[PDB]
Amino acid sequence: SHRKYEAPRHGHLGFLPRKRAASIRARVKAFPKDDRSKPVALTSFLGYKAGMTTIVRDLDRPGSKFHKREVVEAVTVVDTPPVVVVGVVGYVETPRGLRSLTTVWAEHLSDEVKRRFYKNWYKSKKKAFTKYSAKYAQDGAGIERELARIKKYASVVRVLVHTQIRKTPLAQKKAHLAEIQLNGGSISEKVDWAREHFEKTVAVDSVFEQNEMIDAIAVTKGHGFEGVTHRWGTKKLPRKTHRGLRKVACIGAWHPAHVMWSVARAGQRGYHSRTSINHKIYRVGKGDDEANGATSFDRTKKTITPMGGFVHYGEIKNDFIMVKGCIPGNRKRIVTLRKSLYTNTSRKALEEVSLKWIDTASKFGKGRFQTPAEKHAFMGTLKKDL
Amino acid sequence: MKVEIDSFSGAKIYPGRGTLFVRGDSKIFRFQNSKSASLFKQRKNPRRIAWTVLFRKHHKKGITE
Amino acid sequence: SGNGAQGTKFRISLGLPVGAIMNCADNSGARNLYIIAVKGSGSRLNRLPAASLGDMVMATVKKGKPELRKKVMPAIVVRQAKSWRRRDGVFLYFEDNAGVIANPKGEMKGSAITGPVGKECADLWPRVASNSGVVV
RNA sequence: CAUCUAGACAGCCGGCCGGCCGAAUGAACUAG
RNA sequence: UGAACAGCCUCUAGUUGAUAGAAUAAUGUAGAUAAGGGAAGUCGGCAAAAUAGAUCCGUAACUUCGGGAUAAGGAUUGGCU
RNA sequence: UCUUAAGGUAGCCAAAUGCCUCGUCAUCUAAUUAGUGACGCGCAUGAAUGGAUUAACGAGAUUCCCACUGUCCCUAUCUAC
RNA sequence: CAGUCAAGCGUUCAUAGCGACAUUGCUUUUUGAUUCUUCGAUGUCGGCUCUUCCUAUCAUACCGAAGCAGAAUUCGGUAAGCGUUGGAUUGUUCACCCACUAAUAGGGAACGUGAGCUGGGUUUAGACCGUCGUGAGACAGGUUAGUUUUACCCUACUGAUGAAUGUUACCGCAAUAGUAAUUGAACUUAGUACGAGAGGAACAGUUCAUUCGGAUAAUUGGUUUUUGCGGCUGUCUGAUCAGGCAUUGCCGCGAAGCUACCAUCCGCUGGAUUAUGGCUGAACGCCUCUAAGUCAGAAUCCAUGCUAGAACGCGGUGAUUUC
């Protein structure tokens, strides 16, 4: 018999299977279509989602009800210290897919990235890249030969980089290594740029710009085994249902005599990789720039870090990306920011954003103040204040 | 943008922080938090609530400044 | 939105589902309006159509003037008790639900509005703005 | 069944015929 | 305490028995709370919620005149002097 | 006029009894096969095979109203096992 | 449910839309016919929930035709990608109304779905009525009350590990399978086109919104065993302080976590095509979108992007145990 009343299906079937991510750092599956006109630059960056905060700005879209009026918007502040370039991996294109040809590493690797190559760094002999850093001796003849072979056969050039996670307040000292594709001149220009930038840092203000429309790629917040009612949003069964009501009633008809794949079933929720596109940047701050939490209208002496630090994370002391709206993943988690895959010419994305006020009130509850100076002025001198 | 003043508490309300209440007689109250909002709905006297700016003003708490 | 809505009403948190009763803010003699449907509402397997500030809903006068009673008739919600968020960032609500009786075009059947109304409703319906003593 | 270098049909031109143009064409019907 | 061999706490008396340890997933069983609306759910207000003690006021139709009646509907409630 | 032993009287009803039937009218609702009040050529109501009404009573059946609420819109969270 | 013919309707006129007398069909969504399977039981109506499929398409996309001036509407083609509701009454399928909407299209999956629910109906035993019976009793006639049992097995599905391919680690590829966005309104075009007038849009652009989906908790709201602070009752510790108990004693507030269209953000662009409209151009010296060839074009298909990564597909790289 036909379904008596039609209803849209629960959940999205294009995000299956809802299993855990392969690793805690989501892979950038696709990269912007390279053109060989603009100078060589990275097509992504690695950061750590510090948290969220509130901002005020003038909406600047003609024809709207709020044109030239205040709006309050939620933004996510991502801690993004400059990433160190450590290796160049060349890619040839084969009928079986793009295949890596060779990787050439830098002579000296930092301890925080050498930790990535061990699971038991505390007791390891730390021999990684010993017989490779010895290959840079005698003016690196093999290294230059390998780079020449990369130029000879390399259709796409990606650079291995890692985050200076020791700059973050995270407890983990094992850095994350990632491949970011170089978009720019020819293969020789790309590899020459990477060789110049061996064991050298790249800061965010050189890859991203203000009002740029980016994508955030990250593994979402894990939630363990979850019932169908919250995992797919199916209707809860009536209150008087035997054997429980947080289920799906009919999991399929008699024929086909199998449970269909498209049926909501209990399983893991969260901890999947997610690429969320079209988030606009609102401010690319500088870590060494104190009072970066103020604006031309605010003009206070407060940094982006709220009072009492970002909850569960700490303070912000490096270059950050303040991106409008939420991004997948929770705090402390690495997130890969990426340039937009298409030229988004919509008037919602072509706006010029000038932040009018950046909140710094404590995220640890309902705090009333932005700065300790403001709090002291409002509350007067306390007994502990002596 | 501008910072408001709590109607019950006197605490500053920064944009988006708190709630706004419109009584039947069109009187406008702004509450920095559910604490102040719930106290107001319970109709406790701000003059009598110890930590309120109204209580501080009445009892000259820190008024020597 | 409605057929005669004069502008765009940004989404206001729906806080008046079908079957709700809201005091007749206007002065047509009706006491309360009982919502039976909402203009512009969507469809789902069991979702109740719901109103908001400025929504034009088909309502019925359960209590009040006998000639007004016992017939369907359009109304416009002017006060909503469910707190909603303006684009300015503030969360606000009125102390009571309240609507005004009107024809489908938009003109109020009543002559004056008691109590305050919402800025969204006043902006959407010019007649409500004209007959509204205080707008907030 | 008919028209058919005793200029077929078509096409353009002149006022139903003729000029070009040279060889098959038109109608109904039957079955694979 | 209270109207009370009601409920709650204690004295004499008696037990401390019921496999246990670690974590806190889904679904459960039992207990709960929920903004706005208020039966629109469902066969059906099923389950739940609401009221509740005491004092004072007020109490309709109907009636076999006995009742209905705690009708309905309101107010007060501590401590201390 | 046929006919019976007598031919449903007083009463009551789409009633728990009415097939047609979701009868017809009114009221209740925005909308009612439900409820109630009427109409009665009642397939097939009706007089201690008891008829009609009835105050009180009812873990009986049913409708509406106020209050009330996670029954629901539309789900979320907490605790014990 | 669909064709074929055409007497007529359609002012005029068969075929814009219809279409009698007739005739050929299709479907198993009705009801029958049969009795082939099951009576050492296949749980039996409806509703709730959920998935998928069909197309004989209600709407949305692009078009063809009209008794298409506009607007509205009707017929039709490709099309099932995407949606197709809230309620009154009834157990009802059905039906009939109320109302919104772009629309409230028809169906299947053992008349989908009872070790998923419910038990309103039917469908035991109690009971009442009416008719039929002398009677026991009969009535798809009415009414009321009536236990809905078991999964830990195998498979299927959802998630989760996992042996070996010298070991171990890092960075990758991507065969394959899935896939997603949807619809409306307002302003402007413009009171313009069209029209005598009444009436009266579209293409582009802007702001939003509906339905769906993936996240996130800055804000607001919810939750409270933070039993965190404060308060309160009864009792108990001689009184005070401080506490115990009342299955978390109750109340007010309550961070953090989780969470809500009850909150916020986001949801991409290229090719090839169908229908259809065209070009060149014969067949057939004429002509024709067609036969050769070829252009634009649908919510279509395949890509871009997104998801998982074959645990028997693979690559690059590091270190690789002697006292």
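Bear in mind that the values in this text are calculations on the coordinates, not laboratory data. As a convention, Cβ positions derive from the backbone with ideal geometry for all residues, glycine included, and neighbour counts pool all protein chains shown.
Here are a few things to note about the model shown:
- Close pairs from segment A:227-252: first within 14 Å of chain C (Cβ to nearest Cβ) and under 18 Å from A:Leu13 (Cβ atoms), partner within 6 Å of RNA strand E (Cβ to nearest atom) and assigned to a loop (DSSP other than H, G, I, E, B), Cβ under 7 Å, at least 6 apart: none
- C:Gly29 vs. criteria more than 13 Å from RNA strand E (Cβ to nearest atom) and either within 14 Å of chain A (Cβ to nearest Cβ) or free of Cβ contacts under 8 Å to residues at least 24 places away in the same chain (or both): no
- In this structure, C:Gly99 does satisfy being more than 9 Å from RNA strand F (Cβ to nearest atom), away from chain A (no Cβ under 14 Å) and not in a loop (DSSP other than H, G, I, E, B).
- If only residues of segment A:227-263 that are out of contact with any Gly (no Cβ under 7 Å at 6 or more places or on another chain) and among the aliphatic types (A, V, I, L, M) are counted, the one that is nearest to RNA strand E (Cβ to nearest atom) is A:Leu245.
- Which listed residue is surrounded by 14 or more Cβ atoms within 10 Å (Cβ to Cβ) and away from RNA strand G (no atom under 15 Å from the Cβ), from A:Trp193, A:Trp232: A:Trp193
- Here C:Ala75 does not fit the description of being over 20 Å from C:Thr8 (Cα atoms), away from RNA strand G (no atom under 11 Å from the Cβ) and either crowded, with 24+ Cβ neighbours inside 10 Å or within 14 Å of chain A (Cβ to nearest Cβ) (or both).
- Selected residue [in contact with a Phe, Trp or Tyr (Cβ under 6 Å, 6 or more places away or on another chain) and surrounded by 13 or more Cβ atoms within 10 Å (Cβ to Cβ)] from A:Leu59, A:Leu46: A:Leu59
- Candidates A:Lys174, A:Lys240: the one that is over 28 Å from A:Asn330 (Cα atoms) and either in contact with a helix residue (DSSP H, G or I) (Cβ under 8 Å, 6 or more places away or on another chain) or within 16 Å of RNA strand F (Cβ to nearest atom) (or both) is A:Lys240.
- Here C:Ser13 meets each of (1) under 30 Å from A:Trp357 (Cα atoms); (2) away from RNA strand E (no atom under 16 Å from the Cβ) with one exception, condition (2).
- Residue within segment B:13-34 that is more than 14 Å from chain C (Cβ to nearest Cβ) and either among the charged types (D, E, K, R) or touching a strand residue (DSSP E or B) at 6+ places or on another chain (Cβ under 9 Å) (or both) present: no
- The one condition in (1) hydrophobic (A, V, I, L, M, F, W, C); (2) more than 8 Å from RNA strand G (Cβ to nearest atom); (3) part of a loop (DSSP other than H, G, I, E, B) that C:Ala59 fails to fulfil: (3)
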